[PDB]
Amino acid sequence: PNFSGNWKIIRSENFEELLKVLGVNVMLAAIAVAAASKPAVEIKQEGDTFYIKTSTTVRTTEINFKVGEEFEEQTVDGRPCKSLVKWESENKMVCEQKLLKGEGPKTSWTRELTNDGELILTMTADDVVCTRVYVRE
């Protein structure tokens, strides 16, 4: 007998530890919120300081930042990043993100208040854009 055969599994040991090292848990958690949940958003703007609370069935996310001051958040796929928001125009902010660890597409986001009373969030990865459009409750 050599390796040739039809093999059936009797034991699978410690896969959760391997998935944890690979960051799969962080990706799953993040996509559960971002891709698979309908969000509701609460913003408190005090000058150029922002509180943004994103509520979903599975997670409530709160970020706090001041325009022009570096802060930490997660990318849309859950990776920790340093973020810096700047005004692009009077009604549009742009956030550049840098990964704390590893490599990946260049990610960013924008938030704009439109003339039609809408809030527009864009999220970019290497020039591919996702758009979310919100109206006041």
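The first residue of the shown sequence is 1; numbering continues from there.
The mean C-alpha temperature factor is higher for 56-64 when 37-45 and 56-64 are set side by side. Averaged over Cα atoms, the B-factor as recorded in the entry is higher for 1-9 than for the other of 128-136 and 1-9. Between the residues 122, 115, 14, 25, the entry's highest C-alpha temperature factor is the one at 115. Remark: residue 91 belongs to the highest third of its chain, ranked by C-alpha B-factor as recorded. Looking at the C-alpha B-factors along this chain, the one for residue 110 belongs to the lowest third. Among all modelled residues in this chain, the alpha-carbon of residue 100 has a temperature factor (C-alpha) in the highest third.
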